[PDB]
Amino acid sequence: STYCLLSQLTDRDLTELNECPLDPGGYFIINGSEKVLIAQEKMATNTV
DNA sequence: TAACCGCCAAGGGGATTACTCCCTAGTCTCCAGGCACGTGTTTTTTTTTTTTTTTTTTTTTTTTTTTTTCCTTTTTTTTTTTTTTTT
Numbered sequence: 047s048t049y050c051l052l053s054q055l056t057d058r059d060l061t062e063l064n065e066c067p068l069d070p071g072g073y074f075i076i077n078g079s080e081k082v083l084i085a086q087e088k089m090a091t092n093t094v
């Protein structure tokens, strides 16, 4: 994301920190567990 | 302008007297509708059982198998020990 430490880093900088340059991210780390948030369908509010 | 009065003339019908007659007053005598008493059969009221729809409750949702993850309380009041200040 923008506010994380892996923001706009190069492949060499990600590799030196033992991170995958091909990793897209998109997940939280909660207690060492990778958690992903699923988008939920809902009705369109304020619609007749 | 004809009401009213005076004068005169004419006639029409209610009052009067008598005769008649006939319809009702009165009195028996028989009998029958008018009336006093009893009651009814429809009319209203009340129960009674059902009917019919609405509402609520309750129970249900194919089976078997294999991996992770999180949690398996928590704040809030009461108690009890400790520390500091004062005479």
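Taking our numbering, the leading residue of the first sequence gets 47, the next gets one more, and so forth.
Beta carbons: idealized from backbone N, C-alpha and C, even for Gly.
- Between the C-alpha atoms of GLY78 and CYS50 there is a straight-line separation of about 16 Å.
- In the three-state scheme derived from DSSP, where H, G and I count as helix and E and B as strand, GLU62 is classed as helix.
- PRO70 sits away from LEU60, with the two beta carbons spaced by 7 Å or more.
- Rounded to whole angstroms, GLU65 and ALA85 show a C-alpha spacing of 26 Å.
- Counting along the chain, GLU80 sits inside the beta strand (DSSP E) bounded by residues 79-81.
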